[PDB]
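[1] Below is the sequence, then the experimental coordinates.
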Amino acid sequence: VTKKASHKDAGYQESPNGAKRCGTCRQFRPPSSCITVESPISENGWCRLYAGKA
Ligand code: SF4
């Protein structure tokens, strides 16, 4: 598999985008990890280049 972006390049943030958070993006890594963000993660975050994209 290929690499994801890093959190600041992916536009990670401090509170959710409506219904979308670190858990309702697409491929957040349960229970407490990601692939775009260096883990452990804030579930309230979200990013603009979330894992599970192309
Ligand atoms: S991949 Fe998902 S859980 Fe991780 S920073 Fe982006 S929105 Fe958050």
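    Now that the structure is in, tell me what you want to look at. Numbers count the residues shown, from 1 in each chain.
[2] Which of the helices or strands spans the nearest residue to residue 17 once chain neighbours are set aside?
    Take residue 17 and drop its neighbours on the chain: the residue closest to it by C-beta to C-beta, 6 or more residues apart in numbering is residue 46, 4.9 Å away. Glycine gets a C-beta too; all of them are placed from N, C-alpha and C. Under DSSP states H and E, no helix or strand contains residue 46.
[3] List the residues that contact residue 46.
    For residue 46, the contact set (C-beta atoms under 8 Å, 6 or more residues apart in numbering) comprises 12-13, 16-17, 20-22, 25.
[4] Looking at the residues you listed, which one is closest to residue 41?
    Set against residue 41, the nearest of these by C-beta to C-beta is residue 22 (5.1 Å).
[5] quick one, phi/psi of residue 29?
    Backbone torsions of residue 29, given as degrees, to the nearest 10, read phi -110, psi 100.
[6] What's opposite residue 29 in the beta bridge?
    residue 33 (DSSP bridges).
[7] mind listing what's buried in stretch 44-54?
    Across stretch 44-54, burial judged by 16 or more other C-beta atoms under 10 Å covers 45-47, 50-51.
[8] For it, C-alpha coordinates in CSV please.
    Coordinates of the C-alpha atoms in stretch 44-54 are reproduced here as CSV (Å, rounded to 0.1, in the frame of the first residue of the first chain):
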residue,chain,number,x,y,z
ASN,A,44,-12.8,15.6,17.4
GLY,A,45,-10.1,16.5,14.8
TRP,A,46,-10.9,15.8,11.1
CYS,A,47,-8.6,16.6,8.1
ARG,A,48,-9.2,17.7,4.5
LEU,A,49,-7.2,14.7,3.0
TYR,A,50,-8.5,11.8,5.1
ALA,A,51,-7.4,8.2,4.8
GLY,A,52,-9.5,6.0,2.4
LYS,A,53,-9.2,8.6,-0.4
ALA,A,54,-7.3,7.6,-3.6
